[PDB]
Amino acid sequence: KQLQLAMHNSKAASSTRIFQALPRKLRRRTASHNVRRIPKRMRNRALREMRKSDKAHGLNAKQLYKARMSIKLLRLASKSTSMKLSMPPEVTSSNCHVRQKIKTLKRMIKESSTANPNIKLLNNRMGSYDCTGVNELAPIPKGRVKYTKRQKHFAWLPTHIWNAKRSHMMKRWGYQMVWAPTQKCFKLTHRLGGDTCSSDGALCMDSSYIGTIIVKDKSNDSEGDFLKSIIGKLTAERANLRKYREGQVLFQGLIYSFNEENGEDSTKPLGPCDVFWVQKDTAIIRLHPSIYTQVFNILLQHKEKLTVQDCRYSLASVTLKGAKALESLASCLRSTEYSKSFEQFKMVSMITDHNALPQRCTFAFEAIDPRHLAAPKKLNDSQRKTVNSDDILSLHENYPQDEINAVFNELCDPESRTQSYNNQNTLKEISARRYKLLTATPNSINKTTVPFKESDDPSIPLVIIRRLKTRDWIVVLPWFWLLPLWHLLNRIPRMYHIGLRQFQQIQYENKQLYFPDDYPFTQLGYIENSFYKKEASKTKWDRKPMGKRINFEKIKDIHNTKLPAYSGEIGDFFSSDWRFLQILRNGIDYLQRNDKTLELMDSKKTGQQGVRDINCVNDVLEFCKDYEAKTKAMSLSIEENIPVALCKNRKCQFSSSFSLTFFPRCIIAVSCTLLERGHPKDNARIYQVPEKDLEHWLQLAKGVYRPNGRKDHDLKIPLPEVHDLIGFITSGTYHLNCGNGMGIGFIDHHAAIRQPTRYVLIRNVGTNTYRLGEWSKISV
Amino acid sequence: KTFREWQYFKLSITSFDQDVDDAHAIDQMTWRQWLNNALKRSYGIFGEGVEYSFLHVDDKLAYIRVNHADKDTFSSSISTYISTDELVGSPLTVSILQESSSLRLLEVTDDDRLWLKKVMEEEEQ
Amino acid sequence: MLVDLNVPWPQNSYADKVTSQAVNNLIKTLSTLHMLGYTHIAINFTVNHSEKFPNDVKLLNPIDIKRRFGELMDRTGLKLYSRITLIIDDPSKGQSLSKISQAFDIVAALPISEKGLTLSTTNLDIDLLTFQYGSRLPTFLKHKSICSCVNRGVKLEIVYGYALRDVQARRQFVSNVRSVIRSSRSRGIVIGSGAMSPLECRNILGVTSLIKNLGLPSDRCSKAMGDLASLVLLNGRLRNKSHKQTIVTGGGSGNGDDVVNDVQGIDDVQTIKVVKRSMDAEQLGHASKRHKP
Amino acid sequence: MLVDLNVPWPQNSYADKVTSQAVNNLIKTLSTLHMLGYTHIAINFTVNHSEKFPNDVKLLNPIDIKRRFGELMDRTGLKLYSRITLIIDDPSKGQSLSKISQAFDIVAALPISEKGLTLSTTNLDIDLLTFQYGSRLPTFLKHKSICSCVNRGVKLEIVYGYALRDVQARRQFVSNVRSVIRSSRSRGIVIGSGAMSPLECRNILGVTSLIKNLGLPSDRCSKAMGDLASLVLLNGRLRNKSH
Amino acid sequence: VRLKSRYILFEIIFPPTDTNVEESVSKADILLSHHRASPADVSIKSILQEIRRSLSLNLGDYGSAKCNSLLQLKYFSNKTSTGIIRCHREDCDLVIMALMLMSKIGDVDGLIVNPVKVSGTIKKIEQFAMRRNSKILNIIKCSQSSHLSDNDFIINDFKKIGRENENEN
RNA sequence: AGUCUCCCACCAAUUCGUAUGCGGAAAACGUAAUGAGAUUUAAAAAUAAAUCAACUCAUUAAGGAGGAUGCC
RNA sequence: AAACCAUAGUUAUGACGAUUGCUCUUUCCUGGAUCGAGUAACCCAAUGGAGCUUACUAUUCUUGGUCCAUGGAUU
């Protein structure tokens, strides 16, 4: 305890060095100092169990459970220290050795019910096997009995027990997935997972919730040609072409639901899809859980000719985003033999800007148990630093086709990945193996990683693919192997895990859609819009005292001239209402059947065969008001008023069938950027720019300056009519990649193809301020 | 929506003795030295610019109008000044009998209020 | 109502007697305060804790309201209460608050030290806590030890008589007042007026003008010398007329019949109230079903 | 930018010429004002509106802005302007301002008596109005006189110079400024600075407080030396299209 | 709650205001002439005394007591006349009024007291002062070769005022 | 806001391998049914102490099959 | 030598203007127009989250219920 040794230690430093306080993401607070407390229900049972004193001699009907749980109670209350029952109950003051060892364990349980058949123990000392259903669905994988009881309705991912301690969870679509971590991450997500060049880290997401369907033909001929028809029908004629089959590049598009079996048939978009072809007669399909079953049963209509494996409980995947992503993954993977596909992986893990790489960058090989390393380690890459654009062109010719196929086909076969577990090691025996390295023969090495045996250790097949549209890396692995890998991947000093909200933000920044929230032309996007968000908003609205919330139907000067139908704001206050858009636009179009000049209102013509005349626009608005709260708030009806843009041309249309809800009105998807102040939130409205005041708005766009020299903002803002509504905004916030507010939304198709300019007006819900913006198309 | 220009007072008291109170204060040139002395003792040179108008002074019940923005100043100082041997040996004081903002309250049997009523309206000129 | 909680009784301590001129000045200023519109008037007393109180318990207060100011109460119909304030400088000096709280109707203590401030906020039976605003306050006012004594039966008092006396004391008054309203969160406060002559008195419209300039709003300043001082009087009067605020020796219904509103009717020497037996057991049990009052 | 537009030019009438020490003092005070932060500056000039104006179209503005100060419009970026302060006392004596309009940029007026004050707001060609805050303004001025002119394109001016010279003038200044503020309902007020010396100038972020603690709202204190003072200069320069 | 505060950074300019000088005109020379040091007869007490004098005359008792409750002079340097003062948030304008309406500190005459910025925290006025000194040094070393200002009135001062008296956390 | 709990490294097993009415990764956490007590008590000060409410405590594994009470 | 990292981030959240809501109310014709007052109390981040425990809304900002509590009218 002499400071002389402290001075000697500091002699390896300066005289008086100064150390910083910890960064705020690496700090923890002190918990309590006394031992933990047991629940009372586990105390009473144990106390009453120990206080108890002690026709084929079994006679154990429903008493087997009582014995098998009394044993656990006795063990717990004889082992744990936190158990403070009373003074008398002890290990020896009451018969605990005699009980449950020579009284219950063998005399009672063993002598009543003989062990059931299937005594095939396992090839493992850790429960690890396959859960696949050939031509049928599969159940939850068996595991710990306590934690398999809670998965009766919503399943678990392999990492759930790990994420639950560090995130906010939710429950949807039969899974208990992760929503967002417990720290603010708005800017860090952008500058580590966005398209910036300031990235010094990566983002990893456990996307095991996305299913996997391995479909394959059974004609025994490698030419197939019938799975081709199924895949070409399932989507548009896209995913069966020379680019995707022979070159085996990944596919991302839209997946339909064909039903052609008797005369009249149609199709309805469902959502995104990932189709990967292998050897021209095997296909892998990845789908969002919500549309998993509906397509699946469709394939089951032809299982006479194909074969399907619901392997969603046997294959896991992880998604990686960022610049230094492959560098971090390559720090926790080694091989068994020498393979060229690891040489390419070693070379390409040194790019740091993955947009330069070509369309196809598939890797596939066989790794060893990642628990050998005991610490992530670089690939000695600093030696070579003269990568140029000439070796990249070699990657398009030196492609190891056979070496990829051979290692790939060890994933589309259940018994192969069953052999993959042939001998999975426990933690203690790996520890002992590592300890045996302190007495090695080289005696001049001091190695840390354990060696690898030639045949008495398992080999893990592994695939890595690149998604171009989303710009990220998929890694596909067997299910039970995911947990050992994921433990190392989070020991990198600058690796962060993200939830589902961060995924939405990332795909928003890159001007791309998002299947759950931003597909109002799909059967489930429409439900999420008009049935799930609206309830969540109204429940917290009408449950505030009046006057402490925004009044919606009492707003002044919204439009240039006021129609007495709606006192305040137009449409529903809580969601992007598309039914009103369809009815209003169709009525506006019909009001110009042969009278080009519309007209707003005639002063008190009359009140109303159930006549509903179509004279004035106020009549259209009151028709829309009538159709709601009195036709679908007391009954049900389903229709898809929102199609998607089609390559064909069916623009125009026209007392027999003149209903205002019978024809779908085509729209397109756009992104609008604001030239001046503004901050578009969700559900805001998008108006066309009136022919009058076009010069004023153009002048505002060019710039109007005060005598001081700044910009002029406080002027007279002119207003448009109510029949100038052409679109809605479904996602919008401050866009950090450009520094100005930006939104993404949908606009009516026929509106844009008649604008003499490229400007629109944006206003939120519950406000009367009109901001200017310019819109650009999104190719989706 | 609204605007206020003037504030009207009704303030009157002297030393609470009546034996010396018979030396009645002169009309205005003692109700003008006293107020200036108060507004100087309480606030400095910046406490001189308060512009106030005498409306129909009386024997003791003086009436005053002051700017809207000086109500904070005036009422704070007149209530905290106590003179000494200024005009007579007896120190004086003020008590604010009433305050208003419309000049339409608390007048008894008078003709002066006919003036300051309509001829001096805002006139939109 | 309208109430003033401080009018200094002219005397140093139990040593010297009071001259007649001071008493006549007190009568004149009392009449002036009545003229301004005040109904209940207190009368203060200032003694230091480090001095002997007389052993004979009868002489613990020489104000003697019942027979010094009878005629003024006859004409003006005023209500007069006695009050005492004690200087607290050093604890462990004897002379507990047992008997001095018996003869008086309100007991208050002003501290002039750290130990005094600690003692006079957690472990005393006082009902008013005051400082000396014409000097330097002993301590920076902690934000927690003042707000945690308001929740007991203690209140703070502001006296504006220091704002009309001299020139150097005005700065100290402004600073200390700002400090007190800042630290106490401005919840329980009352206002008195240590006037030594009729010249220094002010009415309700001329006491809010000063205080509103030091931060306090107007409505709270109106409630200051309103029901709050009435509650102070109630706490002061429920200490010798009841056991633990549970059994008072008061009277019946009718306006102006309470333990504070009634001063003449209660024999304070014996603390009884003999009244005409007008209510018996054989009469109808309602308001109007029986008609005889 | 900051605009201060009441720097005086050392000349009393059309007879005398400018000496050396006067211009030497003017250059120093201009340099100091440039240091404190001001960029745009105007130069004043006082006449009596009842004197023999030079008949020729030249030498009626002896400022001579393009020869003098030529080494200050470069080597430092501050720009300079010209103005004249007519003093109006009588409702007559001709000399209509159609002549001197082309020879200046800013024309002001300094009424003295009631007839002059009511003439000034009646029909002239001024674009700014000023008062003698030194002492003894003709008091009891009401919204009636000022509303008509301020509704049109006219502005009021404060100088704050007299608050720096002597206490006796300071008291009159602080008395009259309150009246002029409350009579116009805080509309169209701008601030200049009467700098007779390189000592009587001041910064910005305090004089705004000097006007805010007298009655002007804090929203208007930030536009006196700013947008309004810029607009008056912009219009004055755009008047030069007479040619 | 907690009491707020405001910090004011005030300089002292010593203009020449003397005839028969005919100075040169350039951004370097004007600053180098107006920014001479203080004659050291002023002190930390003289400024406080003078700013108390200028309040009880241009304002009254209720104007000189709402500011004198909390008014402390923290840091002052003579090599460059910059100083820092502290006051209540709601009563800072009156101190500014005291600043302008005050000249002729003590016996020294012909000078201007110039408040240049006001801010809440103390950590930020330090950064502002550092940026101000850097800006002055940059503008004095760019007109020509820097050493034509060899008199070194201020050049050796900005570097050496780093944290010598600025350790008042 | 606080003199308070839990989480923010792993464990096929000297680490709470804890199927315990239900929810929860856990909690000095939430909630359902039946039933009972308050210094004379499992217990509080010398929450309740006419009724209902409030405080505290005791008991109650999921799935599926078979028969019956009541209504179609 | 660091690990320094927040759509509030270190004891900062400022000084003011112009409209619309809401509560009460003077006169009227989630009803419409007028006259005049309020928009509070409890309080404030310091690494983050899930819980619990306390403080508040006295014709002095507001909204909803229950009572084998009391007074009147129903009946």
# chains A, B, ... in the order shown; residues from 1 in each chain; ligands from 1
call {"tool": "residues_around", "arguments": {"residues": "residue 16 (chain F)", "least_positions_apart": "5", "cutoff": "9 Å", "atoms": "only C-alpha atoms (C1' of nucleotides)", "output": "JSON, numbers by chain"}}
result
{"A": [76, 80, 81, 82]}
call {"tool": "write_last_selection", "arguments": {"atoms": "N, CA and C atoms", "output": "mmCIF file, in the first residue's frame"}}
result
data_model
loop_
_atom_site.group_PDB
_atom_site.id
_atom_site.type_symbol
_atom_site.label_atom_id
_atom_site.label_comp_id
_atom_site.auth_asym_id
_atom_site.auth_seq_id
_atom_site.Cartn_x
_atom_site.Cartn_y
_atom_site.Cartn_z
ATOM 1 N N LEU A 76 -35.340 -25.751 -4.468
ATOM 2 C CA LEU A 76 -35.200 -24.301 -4.398
ATOM 3 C C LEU A 76 -35.048 -23.833 -2.961
ATOM 4 N N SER A 80 -31.411 -21.923 -2.306
ATOM 5 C CA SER A 80 -31.288 -20.474 -2.406
ATOM 6 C C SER A 80 -31.034 -19.834 -1.047
ATOM 7 N N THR A 81 -30.286 -18.731 -1.069
ATOM 8 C CA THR A 81 -30.024 -17.937 0.123
ATOM 9 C C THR A 81 -31.113 -16.908 0.382
ATOM 10 N N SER A 82 -31.688 -16.333 -0.676
ATOM 11 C CA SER A 82 -32.762 -15.362 -0.509
ATOM 12 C C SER A 82 -33.981 -15.957 0.179
#
call {"tool": "residues_around", "arguments": {"residues": "residue 13 (chain F)", "least_positions_apart": "3", "cutoff": "12 Å", "atoms": "only C-alpha atoms (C1' of nucleotides)", "output": "ChimeraX atom specification"}}
result
/A:125-126,426-428 /F:17
call {"tool": "write_last_selection", "arguments": {"atoms": "C-alpha atoms (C1' of nucleotides)", "output": "PDB file, in the first residue's frame"}}
result
ATOM      1  CA  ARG A 125     -26.044 -31.808 -24.890  1.00  0.00           C
ATOM      2  CA  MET A 126     -27.899 -28.579 -25.705  1.00  0.00           C
ATOM      3  CA  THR A 426     -21.039 -26.549 -24.206  1.00  0.00           C
ATOM      4  CA  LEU A 427     -19.376 -23.482 -22.754  1.00  0.00           C
ATOM      5  CA  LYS A 428     -17.369 -25.314 -20.084  1.00  0.00           C
TER       6      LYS A 428
ATOM      7  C1'   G F  17     -32.861 -25.086 -14.655  1.00  0.00           C
TER       8        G F  17
END
call {"tool": "closest_atom_pairs", "arguments": {"of": "chain G", "to": "chain D", "cutoff": "10 Å", "atoms": "only C-alpha atoms (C1' of nucleotides)", "output": "JSON lines"}}
result
{"residue": "G:15", "atom": "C1'", "partner": "D:218", "partner_atom": "CA", "distance": 6.4}
{"residue": "G:16", "atom": "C1'", "partner": "D:219", "partner_atom": "CA", "distance": 5.1}
{"residue": "G:17", "atom": "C1'", "partner": "D:219", "partner_atom": "CA", "distance": 6.4}
call {"tool": "interface_residues", "arguments": {"of": "chain C", "to": "chain E", "cutoff": "10 Å", "atoms": "only C-alpha atoms", "output": "short mmCIF file (atom, residue, chain, number, x, y, z; two decimals) with N, CA, C and O atoms, in the first residue's frame"}}
result
data_model
loop_
_atom_site.label_atom_id
_atom_site.label_comp_id
_atom_site.auth_asym_id
_atom_site.auth_seq_id
_atom_site.Cartn_x
_atom_site.Cartn_y
_atom_site.Cartn_z
N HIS C 143 -34.40 27.05 0.29
CA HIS C 143 -35.63 26.87 -0.46
C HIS C 143 -36.50 25.75 0.10
O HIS C 143 -37.61 25.55 -0.39
N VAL C 167 -33.68 56.54 4.00
CA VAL C 167 -33.22 56.34 2.64
C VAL C 167 -32.35 55.10 2.51
O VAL C 167 -32.42 54.39 1.50
N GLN C 168 -31.53 54.80 3.52
CA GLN C 168 -30.67 53.62 3.43
C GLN C 168 -31.44 52.33 3.68
O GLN C 168 -31.08 51.29 3.12
N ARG C 170 -34.41 51.59 2.68
CA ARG C 170 -35.25 51.20 1.55
C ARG C 170 -34.58 50.12 0.71
O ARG C 170 -35.24 49.18 0.25
N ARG C 171 -33.27 50.24 0.48
CA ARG C 171 -32.55 49.23 -0.30
C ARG C 171 -32.61 47.87 0.39
O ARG C 171 -32.89 46.85 -0.25
N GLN C 172 -32.34 47.84 1.69
CA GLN C 172 -32.41 46.59 2.44
C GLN C 172 -33.82 46.03 2.41
O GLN C 172 -34.01 44.81 2.28
N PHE C 173 -34.83 46.89 2.54
CA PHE C 173 -36.21 46.43 2.48
C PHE C 173 -36.49 45.75 1.15
O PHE C 173 -37.04 44.64 1.11
N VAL C 174 -36.11 46.39 0.04
CA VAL C 174 -36.40 45.83 -1.27
C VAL C 174 -35.69 44.49 -1.44
O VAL C 174 -36.29 43.50 -1.89
N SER C 175 -34.41 44.43 -1.07
CA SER C 175 -33.65 43.20 -1.26
C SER C 175 -34.22 42.06 -0.42
O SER C 175 -34.44 40.95 -0.92
N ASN C 176 -34.47 42.32 0.87
CA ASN C 176 -34.96 41.27 1.75
C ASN C 176 -36.35 40.80 1.33
O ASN C 176 -36.64 39.60 1.38
N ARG C 178 -37.64 40.86 -1.74
CA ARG C 178 -37.48 40.03 -2.93
C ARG C 178 -36.99 38.64 -2.55
O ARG C 178 -37.50 37.64 -3.06
N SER C 179 -36.04 38.57 -1.62
CA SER C 179 -35.54 37.27 -1.18
C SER C 179 -36.63 36.42 -0.54
O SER C 179 -36.72 35.22 -0.79
N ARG C 182 -39.09 35.17 -3.03
CA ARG C 182 -38.46 34.18 -3.90
C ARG C 182 -38.35 32.83 -3.20
O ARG C 182 -38.67 31.79 -3.79
N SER C 183 -37.90 32.82 -1.94
CA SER C 183 -37.63 31.55 -1.27
C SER C 183 -38.90 30.87 -0.79
O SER C 183 -39.00 29.64 -0.83
N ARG C 185 -41.83 30.82 -2.05
CA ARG C 185 -42.73 30.52 -3.16
C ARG C 185 -44.01 31.35 -3.11
O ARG C 185 -44.92 31.12 -3.92
N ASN C 213 -45.12 46.32 -6.79
CA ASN C 213 -43.88 46.70 -7.45
C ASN C 213 -42.70 45.81 -7.09
O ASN C 213 -41.67 45.86 -7.77
N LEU C 214 -42.82 45.00 -6.04
CA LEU C 214 -41.74 44.11 -5.62
C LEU C 214 -41.95 42.67 -6.07
O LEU C 214 -41.23 41.78 -5.62
#
call {"tool": "select_by_dssp", "arguments": {"residues": "region 55-88 of chain B", "states": "strand (DSSP E or B)", "output": "list in words"}}
result
residues 62, 64, 65, 66 and 67 of chain B
call {"tool": "residues_around", "arguments": {"residues": "region 457-472 of chain A", "least_positions_apart": "5", "cutoff": "7 Å", "atoms": "only C-alpha atoms (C1' of nucleotides)", "output": "ChimeraX atom specification"}}
result
/A:250,319-321,361-368,407,410,420-424,477
call {"tool": "write_last_selection", "arguments": {"atoms": "C-alpha atoms", "output": "compact mmCIF listing (two decimals), in the first residue's frame"}}
result
# COMPACT_ATOMS: atom_id res chain seq x y z
CA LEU A 250 -31.56 -10.82 -55.84
CA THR A 319 -29.47 -7.31 -41.71
CA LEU A 320 -26.45 -5.00 -41.69
CA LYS A 321 -26.35 -1.34 -42.73
CA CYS A 361 -21.82 -9.64 -54.51
CA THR A 362 -22.96 -13.02 -53.19
CA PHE A 363 -20.75 -14.83 -50.68
CA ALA A 364 -21.28 -18.34 -49.32
CA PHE A 365 -19.01 -20.60 -47.28
CA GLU A 366 -18.62 -22.72 -44.13
CA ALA A 367 -17.51 -21.13 -40.88
CA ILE A 368 -16.38 -22.60 -37.58
CA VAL A 407 -22.20 -24.85 -49.79
CA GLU A 410 -26.55 -27.49 -47.31
CA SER A 420 -24.73 -29.26 -38.80
CA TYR A 421 -25.42 -29.66 -35.07
CA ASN A 422 -23.67 -33.07 -34.93
CA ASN A 423 -21.60 -32.02 -31.92
CA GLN A 424 -22.30 -28.55 -30.55
CA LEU A 477 -27.77 -18.80 -41.08
call {"tool": "closest_atom_pairs", "arguments": {"of": "chain B", "to": "chain D", "cutoff": "7 Å", "atoms": "only C-alpha atoms", "output": "JSON lines"}}
result
{"residue": "B:45", "atom": "CA", "partner": "D:171", "partner_atom": "CA", "distance": 6.2}
{"residue": "B:46", "atom": "CA", "partner": "D:174", "partner_atom": "CA", "distance": 6.6}
{"residue": "B:48", "atom": "CA", "partner": "D:175", "partner_atom": "CA", "distance": 6.7}
{"residue": "B:49", "atom": "CA", "partner": "D:175", "partner_atom": "CA", "distance": 3.7}
{"residue": "B:50", "atom": "CA", "partner": "D:175", "partner_atom": "CA", "distance": 6.9}
{"residue": "B:69", "atom": "CA", "partner": "D:215", "partner_atom": "CA", "distance": 6.7}
{"residue": "B:125", "atom": "CA", "partner": "D:144", "partner_atom": "CA", "distance": 4.8}
call {"tool": "write_last_selection", "arguments": {"atoms": "N, CA and C atoms", "output": "mmCIF file, in the first residue's frame"}}
result
data_model
loop_
_atom_site.group_PDB
_atom_site.id
_atom_site.type_symbol
_atom_site.label_atom_id
_atom_site.label_comp_id
_atom_site.auth_asym_id
_atom_site.auth_seq_id
_atom_site.Cartn_x
_atom_site.Cartn_y
_atom_site.Cartn_z
ATOM 1 N N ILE B 45 -34.068 61.298 -12.529
ATOM 2 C CA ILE B 45 -34.375 62.139 -13.680
ATOM 3 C C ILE B 45 -35.372 61.456 -14.600
ATOM 4 N N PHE B 46 -35.317 60.128 -14.694
ATOM 5 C CA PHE B 46 -36.298 59.409 -15.494
ATOM 6 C C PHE B 46 -37.686 59.435 -14.876
ATOM 7 N N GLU B 48 -39.173 62.140 -13.919
ATOM 8 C CA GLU B 48 -39.669 63.494 -14.108
ATOM 9 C C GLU B 48 -40.583 63.624 -15.310
ATOM 10 N N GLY B 49 -40.424 62.758 -16.300
ATOM 11 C CA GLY B 49 -41.152 62.864 -17.541
ATOM 12 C C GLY B 49 -42.573 62.371 -17.509
ATOM 13 N N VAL B 50 -43.057 61.895 -16.363
ATOM 14 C CA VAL B 50 -44.455 61.504 -16.252
ATOM 15 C C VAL B 50 -45.312 62.738 -16.498
ATOM 16 N N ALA B 69 -49.219 54.180 -19.299
ATOM 17 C CA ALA B 69 -47.966 53.485 -19.040
ATOM 18 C C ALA B 69 -47.228 54.003 -17.816
ATOM 19 N N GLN B 125 -60.225 62.695 -35.898
ATOM 20 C CA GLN B 125 -59.415 63.679 -36.599
ATOM 21 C C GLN B 125 -58.014 63.694 -36.015
#
call {"tool": "atom_distance", "arguments": {"atom1": "CA of residue 623 (chain A)", "atom2": "CA of residue 538 (chain A)"}}
result
23.8 Å
call {"tool": "residues_around", "arguments": {"residues": "region 68-73 of chain G", "least_positions_apart": "4", "cutoff": "12 Å", "atoms": "only C-alpha atoms (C1' of nucleotides)", "output": "PyMOL selection string"}}
result
(chain C and resi 286-287) or (chain F and resi 50-52)
call {"tool": "interface_residues", "arguments": {"of": "chain B", "to": "chain E", "cutoff": "8 Å", "atoms": "only C-alpha atoms", "output": "number ranges by chain"}}
result
B: 40-47
call {"tool": "residues_around", "arguments": {"residues": "residue 33 (chain F)", "least_positions_apart": "2", "cutoff": "12 Å", "atoms": "only C-alpha atoms (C1' of nucleotides)", "output": "PDB file with C-alpha atoms (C1' of nucleotides), in the first residue's frame"}}
result
ATOM      1  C1'   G F  21     -54.613 -18.074 -10.683  1.00  0.00           C
ATOM      2  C1'   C F  22     -53.458 -14.407 -15.230  1.00  0.00           C
ATOM      3  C1'   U F  31     -54.926  -7.056 -12.471  1.00  0.00           C
ATOM      4  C1'   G F  35     -63.117 -15.957   1.607  1.00  0.00           C
ATOM      5  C1'   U F  59     -56.726 -20.426  -1.485  1.00  0.00           C
ATOM      6  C1'   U F  60     -56.906 -21.253  -6.712  1.00  0.00           C
TER       7        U F  60
END
